[PDB]
Every structure is written in C-alpha cells, then in structure tokens.
Amino acid sequence: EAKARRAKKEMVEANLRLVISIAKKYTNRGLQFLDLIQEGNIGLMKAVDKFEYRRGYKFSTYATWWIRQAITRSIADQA
DNA sequence: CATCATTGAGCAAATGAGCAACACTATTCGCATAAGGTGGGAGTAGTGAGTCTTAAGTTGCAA
C-alpha cells in the first residue's frame with residue numbers, strides 16, 4: 001500500500017505542469033488563482049485513481065476531463 | 001305572600017387553527033467524458049515629514 005502511494009505521489013509530482021497549463025484558461029470567473037490550482041490538483045488525484053495503463057493512451061488526455069470537472073464544478077457551485 | 005330583575009353559571013353550536021401520517025414529485029447532488037493540450041500577469045512609476053528600527057561601517061581602547 002505504501003509502495004503504491006509512493007507511485008501515485010510520484011505521478012502527481014510529474015503532472016503539476018499539466019494542471020497549471022490547463023489552469024490558465026478559466027481564470028477570471030470570480031475566483032482566485034490558487035483555488036483553481038488546488039481544485040485541479042484534486043481532479044488529477046482522482047484521475048490518477050481512475051487511470052489504467054494497459055489501455056494504451058497518453059495520461060494527459062484522460063486527465064483533462066477530470067481537471068475540467070474539478071474546475072467547472074468548483075466555479076459552478078461557487079458562483 | 002308573590003314575583004321579577006338581577007346577578008352567577010355554565011353549555012351547545014360553531015369555527016379557526018392544527019396535526020400526523022402517508023404519498024407522491026420537484027429538485028438537487030454527485031458522478032463521467034480516452035489521440036493531444038505539461039511554468040502569469042498585471043504589476044505604478046507626480047509626496048513629504050517624521051519616527052522607530054536594524055544593519056553596517058567606523059573607531060577608540062585595552063589586554
């Protein structure tokens with residue numbers, strides 16, 4: 001279990017540049033920036049929880065959906 | 001001697017505000033999306049006077 005968590009932390013630590021890169025889009029919707037980066041961090045955590053590698057795709061395309069889920073979810077109910 | 005007004009006394013009829021209990025539906029909430037997308041951006045520019053605080057530079061001075 002601890003080994004698996006080390007792997008998952010390691011992957012998240014890889015994909016932070018992805019999450020700020022997508023985080024540039026929806027900035028000025030009446031919320032602050034680091035709220036977006038943290039929500040997106042949650043979203044990529046969930047995307048790590050739901051990714052499989054034997055599918056054969058690049059991780060980012062699958063991850064994108066969970067990130068927009070977290071962002072648009074968060075600004076949606078935090079209007 | 002009779003009687004009634006006149007003071008208590010309480011009631012049915014009626015009604016206004018509920019109550020619980022089921023039963024049904026509107027709304028809300030929470031989860032998903034697969035080729036790929038892996039460092040922000042606005043940030044002011046024409047105050048001045050003072051006062052407290054560090055920080056550093058210098059400088060006697062004594063063992």
# chains A, B, ... in the order shown; residues from 1 in each chain; ligands from 1

$ residues_around --residues "region 11-27 of chain A" --least-positions-apart "5" --cutoff "9 Å" --atoms "only C-alpha atoms (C1' of nucleotides)" --output "MDAnalysis selection string"
(chainID A and resid 6 32:33 36:37 40:41 44:45 48 60 64 67:68 71:72) or (chainID B and resid 37:40)

$ write_last_selection --atoms "N, CA and C atoms (P, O5', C5', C4', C3', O3' and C1' of nucleotides)" --output "JSON list (two decimals), in the first residue's frame"
[["chain", "number", "residue", "atom", "x", "y", "z"],
["A", 6, "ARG", "N", 3.50, 5.79, -2.87],
["A", 6, "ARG", "CA", 4.71, 6.43, -3.37],
["A", 6, "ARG", "C", 4.65, 6.61, -4.87],
["A", 32, "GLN", "N", -10.12, 33.09, -7.21],
["A", 32, "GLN", "CA", -8.68, 33.33, -7.21],
["A", 32, "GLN", "C", -7.94, 32.16, -7.83],
["A", 33, "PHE", "N", -6.66, 32.40, -8.10],
["A", 33, "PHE", "CA", -5.91, 31.53, -8.98],
["A", 33, "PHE", "C", -5.53, 30.23, -8.29],
["A", 36, "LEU", "N", -7.99, 27.57, -8.07],
["A", 36, "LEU", "CA", -8.07, 26.77, -9.27],
["A", 36, "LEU", "C", -6.98, 25.72, -9.29],
["A", 37, "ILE", "N", -5.77, 26.09, -8.88],
["A", 37, "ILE", "CA", -4.70, 25.10, -8.98],
["A", 37, "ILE", "C", -4.90, 23.99, -7.97],
["A", 40, "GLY", "N", -7.74, 21.72, -9.28],
["A", 40, "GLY", "CA", -7.22, 20.89, -10.34],
["A", 40, "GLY", "C", -6.30, 19.81, -9.81],
["A", 41, "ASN", "N", -5.62, 20.09, -8.70],
["A", 41, "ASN", "CA", -4.80, 19.06, -8.08],
["A", 41, "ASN", "C", -5.67, 17.93, -7.58],
["A", 44, "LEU", "N", -6.72, 15.86, -10.62],
["A", 44, "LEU", "CA", -5.73, 14.96, -11.17],
["A", 44, "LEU", "C", -5.44, 13.84, -10.19],
["A", 45, "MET", "N", -5.69, 14.06, -8.90],
["A", 45, "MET", "CA", -5.62, 12.94, -7.97],
["A", 45, "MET", "C", -6.66, 11.90, -8.31],
["A", 48, "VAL", "N", -5.66, 10.08, -11.38],
["A", 48, "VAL", "CA", -4.70, 9.03, -11.05],
["A", 48, "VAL", "C", -5.43, 7.83, -10.49],
["A", 60, "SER", "N", -2.49, 12.36, -20.23],
["A", 60, "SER", "CA", -2.96, 13.73, -20.12],
["A", 60, "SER", "C", -4.35, 13.89, -20.69],
["A", 64, "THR", "N", -7.48, 15.40, -18.51],
["A", 64, "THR", "CA", -8.07, 16.67, -18.87],
["A", 64, "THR", "C", -9.52, 16.78, -18.41],
["A", 67, "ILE", "N", -9.88, 17.26, -14.77],
["A", 67, "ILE", "CA", -9.48, 18.60, -14.37],
["A", 67, "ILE", "C", -10.59, 19.60, -14.65],
["A", 68, "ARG", "N", -11.18, 19.54, -15.84],
["A", 68, "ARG", "CA", -12.28, 20.44, -16.16],
["A", 68, "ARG", "C", -13.48, 20.16, -15.28],
["A", 71, "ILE", "N", -12.66, 21.99, -12.04],
["A", 71, "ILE", "CA", -12.67, 23.44, -12.17],
["A", 71, "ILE", "C", -14.08, 23.94, -12.36],
["A", 72, "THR", "N", -14.77, 23.41, -13.35],
["A", 72, "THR", "CA", -16.07, 23.94, -13.72],
["A", 72, "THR", "C", -17.10, 23.58, -12.67],
["B", 37, "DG", "P", -0.78, 16.30, -25.04],
["B", 37, "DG", "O5'", -1.49, 17.53, -25.75],
["B", 37, "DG", "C5'", -0.73, 18.59, -26.26],
["B", 37, "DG", "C4'", -1.04, 19.86, -25.50],
["B", 37, "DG", "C3'", -0.95, 19.75, -23.99],
["B", 37, "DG", "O3'", 0.03, 20.65, -23.51],
["B", 37, "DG", "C1'", -3.22, 20.19, -24.71],
["B", 38, "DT", "P", 1.59, 20.32, -23.69],
["B", 38, "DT", "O5'", 2.28, 21.14, -22.53],
["B", 38, "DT", "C5'", 1.48, 21.71, -21.53],
["B", 38, "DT", "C4'", 2.06, 21.41, -20.18],
["B", 38, "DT", "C3'", 3.54, 21.70, -20.07],
["B", 38, "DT", "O3'", 3.75, 22.76, -19.17],
["B", 38, "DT", "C1'", 2.98, 19.58, -19.14],
["B", 39, "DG", "P", 4.28, 24.16, -19.73],
["B", 39, "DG", "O5'", 4.40, 25.08, -18.44],
["B", 39, "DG", "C5'", 4.69, 26.43, -18.62],
["B", 39, "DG", "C4'", 4.24, 27.24, -17.43],
["B", 39, "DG", "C3'", 4.72, 28.67, -17.43],
["B", 39, "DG", "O3'", 3.89, 29.44, -16.64],
["B", 39, "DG", "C1'", 5.88, 27.46, -15.80],
["B", 40, "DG", "P", 3.06, 30.63, -17.31],
["B", 40, "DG", "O5'", 2.59, 31.54, -16.08],
["B", 40, "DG", "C5'", 1.29, 31.39, -15.52],
["B", 40, "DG", "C4'", 0.35, 32.52, -15.92],
["B", 40, "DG", "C3'", 0.75, 33.36, -17.10],
["B", 40, "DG", "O3'", -0.42, 33.79, -17.73],
["B", 40, "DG", "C1'", 1.06, 34.53, -15.01]]

$ interface_residues --of "chain B" --to "chain A" --cutoff "12 Å" --atoms "only C-alpha atoms (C1' of nucleotides)" --output "PyMOL selection string"
chain B and resi 28-41

$ select_by_dssp --residues "chain A" --states "alpha helix (DSSP H)" --output "JSON, numbers by chain"
{"A": [2, 3, 4, 5, 6, 7, 8, 9, 10, 11, 12, 13, 14, 15, 16, 17, 18, 19, 20, 21, 22, 23, 33, 34, 35, 36, 37, 38, 39, 40, 41, 42, 43, 44, 45, 46, 47, 48, 49, 59, 60, 61, 62, 63, 64, 65, 66, 67, 68, 69, 70, 71, 72, 73, 74, 75, 76, 77]}

$ atom_distance --atom1 "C1' of residue 45 (chain B)" --atom2 "CA of residue 31 (chain A)"
28.9 Å

$ atom_distance --atom1 "CA of residue 2 (chain A)" --atom2 "CA of residue 39 (chain A)"
24.4 Å

$ atom_distance --atom1 "CA of residue 54 (chain A)" --atom2 "CA of residue 38 (chain A)"
28.6 Å
